[PDB]
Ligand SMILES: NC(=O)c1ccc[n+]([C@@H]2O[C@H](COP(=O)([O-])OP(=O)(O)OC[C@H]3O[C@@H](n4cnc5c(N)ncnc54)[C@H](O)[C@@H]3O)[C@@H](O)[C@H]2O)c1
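The chain below stands alone and is given in structure tokens; this is the form deposited without this ligand.
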């Protein structure tokens, strides 16, 4: 089992659009032990389900919008995993998601929050030379925040790399989810990108979770600063031809 005895903080299971569930599943499946976070005791029920399914070591409240909340969270993770001979974290997964305030809010929750976790997790990640992984999704001021987030990956890979901490991102294609499906205008992106993308389909959540597993695993120990597109080739694509 690829991750026997390895420890991962997974943040974002509260959202049905995040793919964090599939990442947790992929990680669990290979023997990792997981601590999952919930942003709000209002949105805790889905996380408890995962906790249940995945044998979560703990379930800790973390709102990635506030440094203090993050600090408290990491104080708690430190209690579980920041003691012992074999103290430390193998990975931290960040899988979260107009006026200036809309922009400000996008950048804060989507982009800065990743730097915020990296800071809070550095000591523990350093202890086991673990990695950070963020997700990005493929139209608004979320384009600006996407770009922002991907730039933090390069800065962080460079600033954390001296401690042996890898930092990487997956860029996920459009995925067909329930509910996401019943929008009828998101439905229509999926219809189109299925025809656009080289593989002529949309990626599954399983494909994203397995790519995430890879980046978080020993197999990816030579890889840092990377944006891995998991999108059936959508991003690389070129011209309509007859559409």
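Shifts are known only where both forms have a C-alpha. Rigid core here is just the name for the largest C-alpha set that superposes within 1.5 Å across the two forms. Residue numbers count along the first chain shown, from 1.
There is also a form solved in complex with this ligand; it is not shown, and the following applies to it.
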| query | finding |
| --- | --- |
| Site status for this ligand placed as in the entry with it bound, C-alpha superposition, 2.4 Å backbone or C-beta test | blocked |
| Site check 20, 97 and 146: each within 4.5 Å of this ligand in the entry with it bound by heavy atom | yes |
| Heavy atom of residue 109 within 4.5 Å of this ligand in the entry with it bound | yes |
| In the entry with it bound, residue 125 touching this ligand (heavy atom, 4.5 Å) | no |
| is_contact(residue 172, this ligand) in the entry with it bound, heavy atom dist at most 4.5 Å | yes |
| Residue 120 within 4.5 Å of this ligand in the entry with it bound, heavy atoms | no |
| Interface stretch in the entry with it bound with this ligand - options 24-32, 37-45, 209-217, 52-60, non-hydrogen atom within 4.5 Å | 37-45 |
| Listed residue that, although this ligand is not shown, lies within 4.5 Å of it in the entry with it bound (heavy atoms), from 116, 157, 135, 77 | 135 |
| Per-residue C-alpha change between this form and the one not shown, residue 17, threshold 2 Å, rigid core fit | yes |
| Cα separation of residue 15 and residue 52 in the entry with it bound versus here, shift of 3 Å or more | closer |
| Direction of Cα pair change residue 106-residue 18 in the entry with it bound, magnitude 3 angstroms or more | farther |
| Consecutive-residue runs (3+) with Cα displacement of 2 Å or more between this form and the one not shown, core aligned | 15-18, 240-243 |
